[PDB]
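Protein chains in written order, with the entry's author numbering: chain e, 3 to 166; chain h, 2 to 132; chain o, 2 to 89; chain q, 2 to 87. For reference, the structure discussed in these notes is given below.
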Amino acid sequence: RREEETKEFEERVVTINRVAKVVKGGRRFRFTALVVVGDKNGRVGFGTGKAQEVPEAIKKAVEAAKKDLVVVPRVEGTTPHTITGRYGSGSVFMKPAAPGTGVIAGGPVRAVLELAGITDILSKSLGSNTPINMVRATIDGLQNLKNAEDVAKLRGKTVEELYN
Amino acid sequence: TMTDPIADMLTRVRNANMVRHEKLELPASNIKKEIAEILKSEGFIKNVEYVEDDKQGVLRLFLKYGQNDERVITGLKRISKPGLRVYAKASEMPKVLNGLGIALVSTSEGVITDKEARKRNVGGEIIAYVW
Amino acid sequence: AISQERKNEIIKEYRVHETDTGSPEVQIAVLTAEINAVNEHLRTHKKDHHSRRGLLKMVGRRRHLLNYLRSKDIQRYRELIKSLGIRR
Amino acid sequence: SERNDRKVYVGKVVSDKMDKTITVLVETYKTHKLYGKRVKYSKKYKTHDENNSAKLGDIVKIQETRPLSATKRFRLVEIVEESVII
RNA sequence: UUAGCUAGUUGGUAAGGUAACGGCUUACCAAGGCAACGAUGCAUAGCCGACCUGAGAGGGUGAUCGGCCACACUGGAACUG
RNA sequence: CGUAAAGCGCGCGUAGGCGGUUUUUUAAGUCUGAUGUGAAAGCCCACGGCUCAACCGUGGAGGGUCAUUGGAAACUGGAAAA
RNA sequence: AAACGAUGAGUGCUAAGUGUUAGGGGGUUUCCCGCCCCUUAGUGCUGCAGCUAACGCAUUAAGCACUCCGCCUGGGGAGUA
C-alpha cells in the first residue's frame, strides 16, 4: 500500500538464509533475505523476498518493503508508553527510557528501532529467537501504539489533564 | 454460582468491544454504578442509564466508538481478584500508561480514578486498570 | 418408592406452615423416608450401582441442609433430630 | 510494675479433660513472603483456670501471665460467649 | 521412600530445690499431651547485620568486620567467686 | 497441559480455598498520621580529607511480615436485619 | 487401559445457517394431525470474530475471564531398582 520513494531512506538487512527445494536428480536452492525500511524520523516498514541471488533478492525485499508502512507514534525521541508485542509465540516487550540510554534489544529489533528514528528505549526479546517473528511482533506493537493526541481526541476530555 | 461480578462486567465490556455493539446488559451494583460513572467521566462511555426491575439492575450502558469505528482502549483487565486480593498505598499507587490510562481504586472514602487517589494521599484496594 | 399420597400426608405435620412447600424439615423427613426405602431394597438386591449412588447423593444433600438449619436456628435442629430419631 | 496491658488473644476451647487447665485455640491468619495472599494457621494455647470455669467450645480471651507449668502460660481474663449445642 | 510420637510425658496436690517461675526433682492422684496448619525421626547446618549476583521480585554464601550462640585431648562433677 | 513432557477412569464427599443482592453495624485486614524501635560498620546519595582514585570520615535517605495509639469504612472480614 | 473428545469440574459473555431426540407458547386450517414462527436443553455439521507450531477450536471454544483441583519441567535409564 502506497509505496513512496520521495523521502529519505535507509535500507537495512536482518538475515540471509540458503534455502533449498529438493527435486528428483539435483537439489534446487533459492536464497532468501528479509529487510526493514525506514527513514528514521517516524516511519518504518519491514520486507521479505526470495531469489536465486543475494542482490536481486534484497532488492525484491526492499521494493516490497515500502508497500507496507508504519506511522510510528513517537514522542521525545522515545515511545509514548510501554507495551508487549505478541505474534505467533514471537513475544516482545518494550518500555520507555530516560534520555541518554539508547536502544537496547536484539540485533534485528535493534535495527528495526534504530531505523525508525528512536533514540532511547528499553526492551527485551522473549519467546522465540528467530528474527522474523519478533520483528513482525515489534511492528505489530508499533501498530497498536497510541499517543496523547491520538486518544485525547477520542475521549471527550483533552490533553493537559492526562499526560505522560 | 458466580465467583466475581467485576470479572463479568469486564468480560462483557471486552466482548462488546470485539463485535462493537452500542448497547449491553448486565446486573447492576452500587460499585458497578460508581465505576460506570467514572468510565463515563474518563470519556470512554457515551452515556449511562440505570434501570430497576426485579430485583437488581439491570445496568444498561451506551458504548463509545470513534468516527472511523476505532476502539478507544487497547486492553482492559482487573488486578484485585478473589483468592489473591491486592492493595495499594498512596505513594506506591501505579501510573498505568501515565496520563493515558487510569487506575480504578477503591478507598476508605470511595472509589475514584488513579489521579485523585494519589493527590489526596489516600490509597486503597485497586480493582481494574483501563487503557 | 415413593408415593405422592403418603408424601403429601406426612409433609403436613412437618411443614412450618400450611402454605409452605420448602422448609427442609419437610425435605429432611421425605429424604429420610426415601433413604430407608432405598436401603431396604438395596438389602433386597445387594449388587447395583444406581441405588448406592443415589443413597450417597441424598445423604449428602440431607446433611448439607441439616447443617444449614444449624446456623439459621438452633432449636429446630434438635427437635427434628430427636423427632425423626436421626443424626445421632 | 504496671506497663503492659497483657497480650490479649481471643480464641476457643478444645478440651477440658485436665485439672484447672484448658487448651485455648487462638486463631489468626498470616501472609506469605513469596506471594501476597493470606492464610490462617492455628495454635493451641494451654491456659490456667481456677476451678475449670471455662467450658468446651467456649469463646474466651487470655493474657500473658508467667511460666505456670510445663508448657502452659496464659491465664484467662474473661469468658466471652458460653452456650450449648447450636 | 520419615506417620504415629511421648510415661516425668501432660495435669494436679504436697514438699524440696533453684536468684527466680517452672515435673526443675521427688511421693501420691488423674490420663492426658504432641501430630497433615507436618509431630517424631533421619540427613546436613552455628545464626545474624550483610556479601555476590539480578533492572526488579528472587537465587546462592555466612571469608575478613561487628552482635548472639556453642566448645577448649574425650566423658563426669563440683569448690572458690 | 488436543497433537510436543504434563487432566488421574470416574463417582460420593471431609478438612481447606473461594464466594449471589441490599441495609445497618464492628473496625480484624486495608488505608492514613504520630510515637518507640529496625546497633554500628556496610549498600545508595551529598560533602570533606589522604597529590587523585582506592579508602576513610561526616551527615542524610533507605530499610519491619514490627509494637502502641489517633482517624476512614468503599472493599475483604465479624455481627444483626431485608 | 489409546478408561480419548489424547480437550478437569463449576459459572458468565461474544456473528450466523443447517439438521436430529424428548417438550412448550403463538398465528395460519370448519378441525393443524396436516403448515409457519418463537422458546428450551442436549445431540452435529459448515463456518465470522479471536485463538493456535500449524493442523484445527468456534455457544457442544482449544475464544473472552474467575475460583478450585490434578500434573510437567530434555531423551534413554525406567515405570527400572
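Think of the CB as a built atom: it goes at the ideal place given N, C-alpha and C, for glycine as much as any other residue.
What residues of chain h sit near residue i, judged by a beta carbon separation below 9 angstroms?
i	result
q/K38	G84, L85, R86
Is residue i a contact residue of the ligand SAM, with contact defined as CB to any heavy atom under 8 angstroms?
i	result
h/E117	The ligand SAM is absent from the structure shown, which contains no ligand whatsoever.
In the structure shown, what three-state DSSP assignment does residue i receive?
i	result
e/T80	strand
q/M19	strand
o/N40	helix
e/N19	strand
h/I127	strand
e/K155	coil
e/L164	coil
q/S43	strand
h/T12	helix
o/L70	helix
e/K42	coil
e/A150	helix
q/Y36	coil
e/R30	strand
e/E10	coil
q/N52	coil
o/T33	helix
h/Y51	coil
h/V20	coil
o/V60	helix
o/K13	helix
o/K83	helix
e/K52	strand
Count the other CB atoms, across all protein chains shown, that sit within 10 Å of the CB of residue i; report buried if there are 16 or more and exposed otherwise.
i	result
h/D55	exposed
q/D59	buried
h/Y130	buried
e/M96	buried
o/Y78	buried
q/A71	exposed
o/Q5	exposed
o/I75	exposed
o/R53	exposed
e/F31	exposed
o/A30	buried
o/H42	exposed
o/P25	buried
o/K58	exposed
o/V17	exposed
e/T140	buried
e/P98	buried
o/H65	exposed
Show which residues of chain e have a CB atom less than 7 angstroms away from the CB atom of residue i.
i	result
h/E35	Within 7 angstroms Cβ-Cβ: nothing; h/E35 doesn't reach chain e, min ~19 angstroms.
h/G67	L156
Starting from residue i, find everything on chain h with Cβ-Cβ shorter than 7 angstroms and list it in chain order.
i	result
e/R157	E43, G44, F45, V73
e/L164	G100, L101
In chain q, which residues lie less than 7 angstroms from residue i when you measure between Cβ atoms?
i	result
o/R71	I87
Note down, in chain order, every chain q residue with its Cβ under 9 angstroms from the Cβ of residue i.
i	result
o/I11	By Cβ distance, chain q contributes nothing, its closest Cβ being about 26 angstroms from o/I11, past 9 angstroms.
For residue i, go through chain h and note every residue whose CB falls closer than 8 angstroms to its CB, in chain order.
i	result
e/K148	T75, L101
e/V153	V73, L101
Quick one: list the residues of chain q neighbouring residue i, beta-carbon separation under 8 angstroms, in chain order.
i	result
o/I75	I86, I87
(message) To test your reading of the DSSP string, which unbroken alpha helix (DSSP H) runs of 4 or more residues are found completely within the segment 57-85 of chain q?
(response) none
(request) Assess, as a yes-or-no matter, whether the segment 133-148 of chain e is touched by the segment 82-100 of chain e under the definition of 3 or more beta carbon pairs within less than 8 angstroms. (result) yes
(request) Go through the segment 54-125 of chain h residue by residue and report every complete run of the alpha helix (DSSP H) that reaches 4 residues or more, in order. (result) 115-120
(request) Could you say if the segment 16-32 of chain h and the segment 62-73 of chain h meet the contact criterion of at least three C-beta pairs nearer than 8 angstroms? (result) yes
(message) Runs of 3 residues minimum, wholly inside the segment 64-131 of chain e: which ones carry the beta strand (DSSP E) assignment?
(response) 85-87, 94-97, 123-127
(request) Decide if the segment 31-40 of chain o is in contact with the segment 106-116 of chain h; the criterion is three or more beta carbon pairs, one per stretch, under 8 angstroms apart. (result) no
(message) Below 8 angstroms, how does it come out for the segment 112-128 of chain e and the segment 63-79 of chain e: are there three or more Cβ pairs, yes or no?
(response) yes
(message) With three or more beta-carbon pairs closer than 8 angstroms as the criterion, would you say the segment 149-164 of chain e touches the segment 62-71 of chain e?
(response) no
(request) Kindly confirm or deny that the segment 64-79 of chain h and the segment 58-69 of chain e touch, where touching means at least three C-beta pairs closer than 8 angstroms. (result) no
(message) For the structure I just gave you, are there three or more beta carbon pairs, one from the segment 8-23 of chain q and one from the segment 46-53 of chain q, closer than 8 angstroms?
(response) yes
(request) Determine contact between the segment 14-22 of chain e and the segment 102-116 of chain e, defined as no fewer than three beta-carbon pairs at a distance below 8 angstroms. (result) yes
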